[PDB]
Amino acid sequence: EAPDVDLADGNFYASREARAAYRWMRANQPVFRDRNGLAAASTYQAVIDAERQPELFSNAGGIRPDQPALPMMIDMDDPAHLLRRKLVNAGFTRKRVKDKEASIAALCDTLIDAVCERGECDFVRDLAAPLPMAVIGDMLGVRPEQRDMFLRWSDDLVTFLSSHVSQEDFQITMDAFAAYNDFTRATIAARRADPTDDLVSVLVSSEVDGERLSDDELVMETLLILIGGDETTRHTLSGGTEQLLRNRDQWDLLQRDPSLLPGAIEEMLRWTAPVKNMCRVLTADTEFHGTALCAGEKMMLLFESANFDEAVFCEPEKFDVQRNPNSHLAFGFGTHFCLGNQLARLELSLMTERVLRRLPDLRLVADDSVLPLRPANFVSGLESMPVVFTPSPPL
């Protein structure tokens, strides 16, 4: 019989029995309906096929199951979406991202310098969460001593998207947005008067076919980037490193052969799938991989389920840094394929290279620990990951 699950309940995604439920879906009802009737594409094939049909599976109803659209690229269809994406793309050209390498590396070394003398840290609190926050904060002009403020606002906003909030938590979300709005409009005004080379400066100057971003659009698109920057990669850093530590043959392989790091990062992404789902709204009734879908309902794309689909990935519960091919869907596919994917990959590579080299005997405090995952229906990963290592002097 079907698993009795609610795919909008954050407790489902904090359960290490989610993957057992996904297995049932893929084998028995690939386009699954949960206990409340919510539709979800569980196979790699169904996710790809929906992604390739944006006119039928739209983003314009919003990408969460129980919330309306916001005025940002991810909640738009082409052609409007393409113009918005092209405008924002000025901040994420291959050259502009690759040029951040030196500054990202410096942040990695500063963060490791803060714990390397101690012999213990919480990998989540001290390395995985702060590095992406510092990178994206630096891009947006956030002072180092205000990073924690922005990360708290970000946590509130992604929690709003990851749940059905109470009235008090709705008020907190609105207050967080108001504070972000205020800060960002001050930045816009300053960069319109004295442009620099930071992200707001590049976005203010971006032009596509005589069109530019308005101040309202700049606020919304930079907020999408802030939350991508500081609520996603952290979970691949923590959960990916956790798999290296739980399978020490994998750790040992990477330490003796740095040319394996690109494939390792892709396997960390496949495994961790920090974005558990994005929704699509049906523009018409349709029969889709055996399940009848109705115009106006939302269907989830289950990216973690796709990433463990045995039709595509041999022995998917084996973590293998050498996996080739590894065409995972952690960043999605198609029109809305993550705009930040290169920056996320660069952060993952640079921090993991340095962790391997500077903390070479890193291990989990309890090798048979089951560590807790964040209850959230949208983005999730490890809450805490205590690790020990031989101390060393800072750089």
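What we label the rigid core is the largest C-alpha set whose atoms superpose within 1.5 Å from one form to the other. We number the residues from 1 along the sequence you see.
Participant: After a rigid core fit, does 366-374 or 24-32 show more C-alpha displacement in 6 other deposited structures of this protein?
Facilitator: Higher average C-alpha offset in 6 other deposited structures of this protein goes to 366-374.
Participant: With the rigid core as the fit anchor, does 310-318 or 194-202 show bigger C-alpha shifts in 6 other deposited structures of this protein?
Facilitator: With the rigid core superposed, the C-alphas that lie farther in 6 other deposited structures of this protein are those of 194-202.
Participant: As stated in the PDB record, which stretch has the larger average Cα B-factor, 47-55 or 359-367?
Facilitator: If you average the C-alpha B-factors of 47-55 and of 359-367, the larger mean comes out for 359-367.
Participant: Looking at the deposited entry, does 252-260 or 278-286 carry the larger mean Cα B-factor?
Facilitator: The deposited B-factors put 252-260 ahead on the C-alpha mean.
Participant: Per the PDB entry, which option out of 241, 171, 232, 322 has the greatest Cα B factor?
Facilitator: Each of 241, 171, 232, 322 was compared by C-alpha B-factor; the highest is 171.
Participant: If I read the C-alpha B-factors straight from the PDB entry, which of 272, 291, 305, 184 is highest?
Facilitator: Each of 272, 291, 305, 184 was compared by C-alpha B-factor; the highest is 184.
Participant: If you rank every modelled residue in this chain by C-alpha B factor, which third holds residue 70: lowest, middle or highest?
Facilitator: Highest third, going by the recorded CA B-factors of the chain.
Participant: Just say lowest, middle or highest third for the CA B-factor of residue 15 relative to the other modelled residues in its chain.
Facilitator: Tercile = highest for this residue's CA B-factor.
Participant: Split into thirds by Cα B-factor across the chain's modelled residues, where does residue 137 land: lowest, middle or highest?
Facilitator: For residue 137, the deposited C-alpha B-factor lands in the middle third.
Participant: Test of reading the entry: by CA B factor among the chain's modelled residues, which third contains residue 317?
Facilitator: Middle third by C-alpha B-factor.
Participant: Where does residue 99 sit by CA temperature factor within its chain: lowest, middle or highest third?
Facilitator: Tercile = highest for this residue's CA B-factor.
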